[PDB]
């Protein structure tokens, strides 16, 4: 099915979040999930998805070559995997060492060629999801050369050069993907709701098939991540059947802008657990007219949002009240109905929607279910026969945009918009003594005054925090697994226009700090290279299994800019 690239990409994301371990495991994983699994016809569906979004097919001859190249890569990687497996079982065998060195080089060269072919082309945009797959495999292959090169018989300078290449290529490949994605998205920027639909489908599909993978490229830095690491994707993606399934552009002013207004501004993460909906009758059609969401932050404190649309507590429909299990699916029944000679105006709304719940698969219904299935847009990350366990995303929030055109001779537009977060972004923050644990700072529960959440540059997997003067950034509650006596060090992924002090406060008591360097200049676009890792030298323990953890930065002139993506806890053993 044409959904295959989304299915495959989310299964890969699942793997790269949950199985990034030292040894041959990642190499074997990529073979089992992608390169040994996808057929040529399957690779064609990767191209097809983006060709359809941008309404531009890749020119036939070049398209056929792309598929040939991908088939070539799978053949080359298969041979490498076999040599790698044989070598690992008997590493002192000189023949097996020579075989894996040669197969490594052959696959390296093939990927270099493939990536070049997908860059020097007028079809960079429709080739972008096969680019990200070739790039991903290349980073994995170089990680293997760094991890195993000495064992294979590569000399010190060779292994070091492959490491330097690996770090450079994380940058180059990130930069290609974001430049290409940014262009593609601007190309679809428009005026109308129909244009917004296509724009948002592109955003969503390329988040799932490209940006999610790019956000995990840093994990391939095996010198920075020499034990198992766990990432979280905290970005939201949006669905809206009212906007995306309408046969017509809504007759409303600035419809694109009004639809994009329903995307929440950057914020610390929160998780809906209550939803109440008011039905409105407009020009004879009953639709979703407004609603009330309530949520919990990562500390478990309640956040009560002002109601959306026109919400009346009386006769509200209960979808959820303080329910700890989120929804993984919507089944939407939109209505697009106009009169005829006299009354050419549309009502565009949601007549009914059913929600189905993670774990239980219980259904909660607004009026009735329909046949527009969110799983077609945001599919499971696995297939066990149970989407309610296999889901990739949970329903994080519901927004609502409206235009009461019935007042003034235009369309009656009532559009609920559904915000989905990747299940990796859990409603609480957990530190594990056997992992480098990555906690995006948007998983904080309170900002210091003067700290703002800003939209992420696109390659971090979500939003980031910014200050322009010295102070604490934000306050986080963490839950520590295992034995409190485990020592950790804190490592901060940051960008800064200035040298500065970065510190963490553990449980409100002790503050550990280091002096770190400027990484960029004021105004520079953020790239992979803008970010560095600040390792605070002092190892510490948590005094309680639930502890506060503050990240701050100090000792610089106001009007600089300091950005923090995430903190990491490294177990010291």
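Numbering follows the first chain given and starts at 1.
For the pair 466 to 474 and 305 to 313, the record assigns the higher mean C-alpha temperature factor to 305 to 313. Relative to its counterpart among 319 to 327 and 213 to 221, 319 to 327 has the higher mean temperature factor, C-alpha atoms as listed in the PDB entry. Taking the PDB entry at face value, the top CA B factor among 409, 226, 380, 184 belongs to 409. Annotation for 352, 266, 385, 461: 385 ranks highest, by Cα B-factor.
Split the chain's modelled residues into thirds by C-alpha temperature factor. Residue 25 is in the lowest one. Among the modelled residues of its chain, residue 293 has a C-alpha B-factor that falls in the middle third according to the deposited record.
Placement of the Cα temperature factor of residue 284 within the chain: highest third of the modelled residues, per the deposited record. Annotation for residue 12: C-alpha temperature factor in the lowest third relative to the rest of the modelled chain, per the entry. Sort the chain's modelled residues by C-alpha temperature factor and residue 50 lands in the lowest third, per the entry.
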